[PDB]
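All Cβ positions, even for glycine, are placed from backbone atoms using ideal geometry, and neighbour counts span all protein chains on display. Numbers and lists here come from the model and the stated rules, or from a named source; none is laboratory data.
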Amino acid sequence: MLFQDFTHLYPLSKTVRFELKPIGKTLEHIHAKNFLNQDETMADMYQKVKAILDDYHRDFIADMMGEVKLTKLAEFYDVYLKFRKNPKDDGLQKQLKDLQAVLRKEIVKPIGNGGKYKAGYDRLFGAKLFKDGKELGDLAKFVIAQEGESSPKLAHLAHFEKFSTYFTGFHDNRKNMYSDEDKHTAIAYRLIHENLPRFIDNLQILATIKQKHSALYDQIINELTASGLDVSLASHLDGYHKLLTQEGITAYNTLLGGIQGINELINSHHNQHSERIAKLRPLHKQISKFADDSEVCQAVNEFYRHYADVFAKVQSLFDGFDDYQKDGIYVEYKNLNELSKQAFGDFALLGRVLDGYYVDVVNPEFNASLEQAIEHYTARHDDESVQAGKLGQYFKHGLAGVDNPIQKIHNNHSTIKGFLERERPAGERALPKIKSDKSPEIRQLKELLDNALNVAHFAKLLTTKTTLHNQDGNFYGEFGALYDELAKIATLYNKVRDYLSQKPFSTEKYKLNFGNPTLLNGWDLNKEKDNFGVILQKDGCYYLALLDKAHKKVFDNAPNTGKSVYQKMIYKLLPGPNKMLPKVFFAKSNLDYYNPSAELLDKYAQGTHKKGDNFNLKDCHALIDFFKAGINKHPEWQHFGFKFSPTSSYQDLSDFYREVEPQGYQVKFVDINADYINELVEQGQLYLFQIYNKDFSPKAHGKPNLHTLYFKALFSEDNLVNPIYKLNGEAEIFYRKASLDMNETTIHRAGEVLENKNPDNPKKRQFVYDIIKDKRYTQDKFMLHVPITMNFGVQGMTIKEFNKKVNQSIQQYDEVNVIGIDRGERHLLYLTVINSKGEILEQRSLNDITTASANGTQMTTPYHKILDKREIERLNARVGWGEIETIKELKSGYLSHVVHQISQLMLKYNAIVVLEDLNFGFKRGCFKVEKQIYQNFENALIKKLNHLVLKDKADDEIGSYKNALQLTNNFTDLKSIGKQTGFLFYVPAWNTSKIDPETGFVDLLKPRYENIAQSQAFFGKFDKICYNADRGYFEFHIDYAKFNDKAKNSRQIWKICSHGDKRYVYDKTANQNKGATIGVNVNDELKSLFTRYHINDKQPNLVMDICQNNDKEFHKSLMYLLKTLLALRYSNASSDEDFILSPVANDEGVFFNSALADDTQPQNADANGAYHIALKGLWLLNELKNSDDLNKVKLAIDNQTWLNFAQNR
RNA sequence: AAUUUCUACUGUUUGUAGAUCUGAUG
């Protein structure tokens, strides 16, 4: 009842796609006229015309450049040098970014408003690229493309004259090349941001004539290049617009690349013969399928082998890495963690080290902050090959982390460069096609390309997109041409990923236009002779009938009487009622019988927003009754059932256009005799298809498909009254040829017995008929992609409401329940439903999902046992690479079931679903569901609750297809998902997983041993450490005011006590190499090392007696036994057992063990991660209940506000 | 191991339960 008035709010369109079975002998008539082959060869020539148009774009780029005349190069020379203050970095980089913008305005200037090249362009719009003026190519590329009427060309361009609209999606991609914006696809990006910083960099190394000792030998470069390849194109700043074209850049890179070039001259005369000069970097040139097996075997025979790509250059360069200065070698912040994982330790060592030696210059005193911001993002990147830290306070002492780029290529070059022993099984035998096997001798080919991306990552640590002054130009000068060659492995490896991990079928379908350019662009109308397509009904099914070019006059005089007749749709429609009504406003005396000078001029200046800043009645009165009486005059919009409201009732012009939006769309059904229709389909005058999906079959008996329930709702008898759904124009009829053979796929024959895949079901069924795998792809079939529109006739909109409608409905409703969904470490997903008081209603894992209700039987499928079977499927080394996508295909398909489970949970409890915030709660551990996968779940949960209908519900209930729920905001804003989308809420997932859910206890202090000089000061901040002889456990009193990481919340005092058994988390060493989870017994181990190290513990208290012992293992193991106690979640080797045990007790005095017992409390450690998510949503409910003005309520959660709320509840 | 298409299937002897966009190189 919370979602009662949330039906029919905003309109959203969708596309419903079916098959088309050819009814009658119409497939033979289609094969007679050669429609399929015509559209097949046309979609074959589409690639060639696209390549011709790409060549035309290339020629247009080369003709457009050379007319720019940019004159800010000296100002960029002054401003850009000297690389603009990287310690300062704010206030001058902004003005440099403005200078880059005012420079890249000139690249898009000489065509827009310039008029040399005519701002409409006449050719980017694909309407008049074909058939204007009877020929257009006298100025255009056809004088190149003529070749005296070339036989491969011209004929291939003859098809795309009437069908010019195939390029309406292709021109959208080419429209981004000439963009003013700084998106990196543009032309002006690669000239001003790519090439221009590299041009000033390449010049300034060469402009050191008298700064270095190059005053003498500069001329002997210029005398040898006086024969050819003049350096004067590359030695002056004003000679940059010489090479704005593509033909200028290639002449420039011929000089720098060589073949004799300037790079080899300075290496032979100055380097080879203490100090070695740098090398210059070549500029960037400015603007596949891989289907056959012959291509990718010939591709990886020479495009990646030792002919083209050279790993001998990274060999000798990284062998002498120690000789170059490690001050000038730079490391970006993005690759700190990947550097620290591949070598020199763990994923968080260099983040610990860099912040460890930069936080000594900041002192948090006043505690708004203004110091913890500027210290963080600025100094975090050292940008040198680091000295591995001093760490003289004994922070995990180890050897150097700087000799590792030396050592990676020097790591037994047989092993680490494995291409040498993977060059023996090679060859290109004569082969058209082969089918992929699980393990042929191609596993060595993917492991050849496995080390390919590893070398690409080994050089990716020095990404360093600088633009920095003192960087080592000797190292980076060779590394600039080397890494840009080496960065094209990721594109090659992703394509052999796509080919070798293929399905046996193919999904390539070409659009059939039936010789008609405007086929199905509008439905049944006066203009049904243009669009050829009518819809028929035979009281069980819906038929798509297509006209013919010969006989377009069959349905003008059709028999209306008969038994068992086909109905025919009418579909009269007015498109754009606020747009088409001023398309009748412009008439001389056609509709303007009474054209007043008052009303016409008041429509011009005062037509926008109903008046020119006024709200009057009289001009709003004279406009409607002109339009109302104007509708009745012309015969086009006449005979419409326009039941208009009077002018006195409504004065808003938005209300008048709201009344003609439902009444503008009328669908009727007059019938036509069947034996008239059936007798002409066998002649060939009209084609009959049947719109067919699997629930239109006669054998079907289950619940119907979801999108079929929309298409059956298009032509219901309750769509005579005000329509909710709407049939849209511009449909399309695809055709998919046979991509599979019968004998190729494994089939199950007649009388064969089959075993059930799921571990629960043991039964076996006989199946007397044959079952063919991929029966859809065995035989070729048509398609039809019908677009529909829901809530047509409603005018409302998106987030302009500021979610006032959702928030107001929550406050008037009483006793709302909260739903929290979070990831699990041992569960796939976990759910917990919480009332307003804060107690669990139900808590159930999503490992097992039971919605499978065929006819009252429920089938529970284990998705955890399937993922166990998928994980061993990926374990096999000698196998293909495509089993990693089968798990991603499953997780994309598993979450589609989960979206159903939540939408039935929301209806049962009138609940609110609260998910984690991926923007600032994304820092998480390892999980069974990834982070890029979980965004697809959080996106598909929005698109479902846009138009939520329940299939089993009757049509009277709220939630059927008649009354569809509109629970979330419209998905036009798909990127910005912040803190609210309708009923969905988004809370930060930090500090939710490990909290004692009874008392709200989180470990705010972190016991970590760094130095024993201040480990004495750590234990001295404890209030009282004693031993309870009567109770039986130790007593670590604390006070969070004395420690650091100060917390504003309540309960600054605590009482850490010991227990019976704490199954310790995985902590292992090379020697410890074991099952790696060694469970500890803390309370007797605290009785240990006290009698061992000769310290009495009977005296209350014994907090200062810890501080007089410096055994170096007493203070170290007291950290190990306190890190066990303060960690709250515990995971053992037994995978079924995962739990939470808390040190601190309640007010009553019992401790929380999640295993014993489960009384309306979180069952395990995965339930607690979902219980504290829904507690964060309970606080967002308590803000709305405490909001007297709901306009600007901020639902954000501070970290101390949640801690103060969780433990004072 | 059957589907407009995806996922899990066997879920009355040519099928069952969810989900499903639309246009398109990284």
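Per-residue answers, yes or no, for (1) over 43 Å from the mean Cα position of the chain (by Cα); (2) on the phi > 0 side of the Ramachandran plot; (3) of a type in the set (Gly, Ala, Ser):
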site	(1), (2), (3)
A:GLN1014	yes, no, no
A:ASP1023	yes, no, no
A:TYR1027	yes, no, no
A:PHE1036	yes, no, no
A:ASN1049	no, no, no
A:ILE1056	yes, no, no
A:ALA1076	no, yes, yes
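Give the residues of segment A:113-134 that are among the charged types (D, E, K, R) and on the phi > 0 side of the Ramachandran plot, sorted by residue number.
A:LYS118, A:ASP122, A:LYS131, A:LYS134, listed by residue number.
Per-residue answers, yes or no, for (1) in a loop (DSSP other than H, G, I, E, B); (2) of a type in the set (A, V, I, L, M); (3) within 19 Å of A:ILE30 (Cα to Cα); (4) touching a strand residue (DSSP E or B) at 6+ places or on another chain (Cβ under 6 Å):
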position	(1), (2), (3), (4)
A:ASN526	yes, no, no, no
A:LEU536	no, yes, no, yes
A:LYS563	yes, no, no, no
A:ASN578	no, no, no, no
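From the list A:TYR769, A:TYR777, which one is aromatic (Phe, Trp, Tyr), near RNA strand B (Cβ under 9 Å from one of its atoms), on the phi < 0 side of the Ramachandran plot and surrounded by 13 or more Cβ atoms within 10 Å (Cβ to Cβ)?
Selected residue: A:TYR777, the only one of A:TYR769, A:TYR777 that is aromatic (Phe, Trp, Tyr), near RNA strand B (Cβ under 9 Å from one of its atoms), on the phi < 0 side of the Ramachandran plot and surrounded by 13 or more Cβ atoms within 10 Å (Cβ to Cβ).
Only one of these is within 28 Å of A:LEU391 (Cα to Cα) and of a type in the set (A, V, I, L, M): A:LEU317, A:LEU336. Name it.
Going through A:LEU317, A:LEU336 in turn, just one is within 28 Å of A:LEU391 (Cα to Cα) and of a type in the set (A, V, I, L, M): A:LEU336.
Just to be sure I understand the filter: pairs with C-beta atoms under 7 Å, separated by 6 or more residues or on different chains, first member in segment A:919-931 and over 20 Å from A:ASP346 (Cα atoms), second member part of a loop (DSSP other than H, G, I, E, B) and hydrophobic (A, V, I, L, M, F, W, C). Which pairs pass?
Taking only residues 6 or more apart or on different chains, the pairs are A:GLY921/A:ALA989; A:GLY921/A:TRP990; A:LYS928/A:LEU828; A:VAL929/A:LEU828; A:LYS931/A:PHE922.
Can you give me the number of residues within segment A:1052-1064 that are surrounded by fewer than 17 Cβ atoms within 10 Å (Cβ to Cβ) and part of a loop (DSSP other than H, G, I, E, B)?
4
This table checks each residue for (1) over 32 Å from the mean Cα position of the chain (by Cα); (2) surrounded by fewer than 11 Cβ atoms within 10 Å (Cβ to Cβ); (3) among the aliphatic types (A, V, I, L, M).
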position	(1), (2), (3)
A:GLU135	yes, yes, no
A:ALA140	yes, no, yes
A:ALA145	yes, no, yes
A:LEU154	yes, no, yes
A:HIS159	yes, no, no
A:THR168	no, no, no
A:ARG174	no, no, no
A:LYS183	no, yes, no
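Going through segment A:696-722 one residue at a time, which ones are in a loop (DSSP other than H, G, I, E, B), within 16 Å of RNA strand B (Cβ to nearest atom) and hydroxyl-bearing (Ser, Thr, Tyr)?
Across segment A:696-722, the qualifying residue is only A:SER697.
Here are some residues: A:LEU547, A:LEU601, A:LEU519. Which one is aliphatic (A, V, I, L, M), more than 30 Å from A:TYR304 (Cα to Cα) and loosely packed, with under 13 Cβ neighbours inside 10 Å?
A:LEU601
What are the residue pairs meeting all of these: first residue in segment A:242-254, first residue over 16 Å from A:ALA188 (Cα atoms), second residue among the basic types (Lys, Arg) and surrounded by 19 or more Cβ atoms within 10 Å (Cβ to Cβ), Cβ atoms under 7 Å, and 6 or more apart or on different chains?
none
Which of (1) more than 23 Å from A:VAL1144 (Cβ to Cβ); (2) aromatic (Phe, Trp, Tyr); (3) in contact with a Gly (Cβ under 8 Å, 6 or more places away or on another chain) is the odd one out, the single condition A:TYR1064 does not satisfy?
A:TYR1064 satisfies all of (1) more than 23 Å from A:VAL1144 (Cβ to Cβ); (2) aromatic (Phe, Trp, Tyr); (3) in contact with a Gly (Cβ under 8 Å, 6 or more places away or on another chain) except (1).
Could you look through segment A:757-766, keep only residues that are more than 36 Å from the chain's Cα centre (by Cα) and within 6 Å of RNA strand B (Cβ to nearest atom), and pick out the one that is nearest to A:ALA731 (Cα to Cα)?
Looking at residues that are more than 36 Å from the chain's Cα centre (by Cα) and within 6 Å of RNA strand B (Cβ to nearest atom), I get A:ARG765.
What number of residues within segment A:963-987 are in contact with a helix residue (DSSP H, G or I) (Cβ under 8 Å, 6 or more places away or on another chain) and of a type outside the set (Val, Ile, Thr)?
Here the count works out to 13.
To keep it simple, each residue is scored yes or no on (1) of a type in the set (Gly, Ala, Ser); (2) within 21 Å of A:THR185 (Cα to Cα).
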| residue | (1), (2) |
| --- | --- |
| A:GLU75 | no, no |
| A:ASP90 | no, no |
| A:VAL108 | no, yes |
| A:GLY114 | yes, no |
| A:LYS118 | no, no |
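Mind telling me which of the residues A:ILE277, A:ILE220, A:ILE209 ends up being of a type in the set (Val, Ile, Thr), surrounded by fewer than 16 Cβ atoms within 10 Å (Cβ to Cβ) and in a loop (DSSP other than H, G, I, E, B)?
A:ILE209
Check off (1) out of contact with any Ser or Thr (no Cβ under 6 Å at 6 or more places or on another chain); (2) within 14 Å of RNA strand B (Cβ to nearest atom); (3) farther than 20 Å from A:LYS509 by Cα for A:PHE18 and give me the number that stays unchecked.
The failed condition is (3).
So which of A:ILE1095, A:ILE1106 is aliphatic (A, V, I, L, M), farther than 30 Å from A:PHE1205 by Cβ and surrounded by fewer than 17 Cβ atoms within 10 Å (Cβ to Cβ)?
The match here is A:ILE1095.
Please note which helices (runs of 4 or more DSSP H) are completely contained in segment A:26-99 and include at least 3 residues that are in contact with a strand residue (DSSP E or B) (Cβ under 7 Å, 6 or more places away or on another chain) and surrounded by 14 or more Cβ atoms within 10 Å (Cβ to Cβ).
Per the criteria, A:35-64.
Could we say that A:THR789 is in the same structural domain as A:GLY921 (by TED's automatic domain parsing), of a type in the set (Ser, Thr, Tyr) and within 13 Å of RNA strand B (Cβ to nearest atom) here?
So A:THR789 fails the test.
Just one of A:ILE902, A:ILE840 is away from RNA strand B (no atom under 15 Å from the Cβ), under 23 Å from A:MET1 (Cβ atoms) and not assigned by TED's automatic domain parsing to the domain that holds A:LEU448; which is it?
Only one candidate passes the filter, namely A:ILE840.
Specify the residue that is nearest to A:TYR324 (Cα to Cα); the eligible residues are those in segment A:410-421 that are touching a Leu at 6+ places or on another chain (Cβ under 9 Å) and of a type outside the set (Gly, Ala, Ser).
Only one residue tops the list, namely A:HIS413.
Among strands (runs of 3 or more DSSP E) lying entirely in segment A:846-931, which contain 2 or more residues that are surrounded by fewer than 14 Cβ atoms within 10 Å (Cβ to Cβ)?
Qualifying strands (runs of 3 or more DSSP E): A:848-853, A:858-862.
Residues checked against (1) in contact with a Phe, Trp or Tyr (Cβ under 7 Å, 6 or more places away or on another chain); (2) surrounded by fewer than 16 Cβ atoms within 10 Å (Cβ to Cβ); (3) under 20 Å from A:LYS568 (Cα atoms):
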| position | (1), (2), (3) |
| --- | --- |
| A:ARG658 | no, no, no |
| A:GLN666 | yes, no, yes |
| A:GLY684 | no, no, yes |
| A:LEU688 | yes, no, yes |
| A:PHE696 | no, no, yes |
| A:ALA700 | no, yes, no |
| A:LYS703 | no, yes, no |
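Out of the residues in segment A:683-695 meeting the condition of being in a loop (DSSP other than H, G, I, E, B) and more than 9 Å from RNA strand B (Cβ to nearest atom), tell me which one is farthest from A:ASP952 (Cα to Cα).
A:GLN683
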